[PDB]
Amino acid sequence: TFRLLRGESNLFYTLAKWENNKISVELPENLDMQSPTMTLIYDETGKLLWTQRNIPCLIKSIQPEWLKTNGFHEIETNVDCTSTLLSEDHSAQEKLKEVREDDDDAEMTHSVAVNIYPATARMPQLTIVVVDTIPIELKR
């Protein structure tokens, strides 16, 4: 889980560059866009610097306390938000349709790994957050 999302976090760390008070992430050519993760990068103060996808409901669901340490956490969000997160994913969209019909405020829980990268000569201190886009309720 955490140990598993750590790999994606490390990847995005090595992909990132710090230039002119800004994070830039250049994605590798032909990289899978269909991986079930979304990564966010914050500064040590907890300011969001970069996000793989701009999804405000999920971003607002990230608790600031979490951001100062390494940890494994859970987002408690809604089926509307999860549907926005999984928009491109066809099959998932079918399932999501179903669940939306049974309950329109159905709760969705997403695993999250928070990862700390101390400042180096190359890079300032960063917190990298990796979210499992498939919620616990849909894993089975």
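When you see a residue number, it is the position in the sequence shown, counting from 1.
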item	value
75 to 83 or 98 to 106, whichever carries the higher mean Cα B-factor	98 to 106
Mean Cα B-factor comparison, 107 to 115 or 34 to 42, giving the higher one as deposited	34 to 42
Member of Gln63, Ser91, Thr51, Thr69 with the greatest C-alpha B factor (per the PDB record)	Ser91
Maximum C-alpha temperature factor, selected from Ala121, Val131, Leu11, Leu126	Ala121
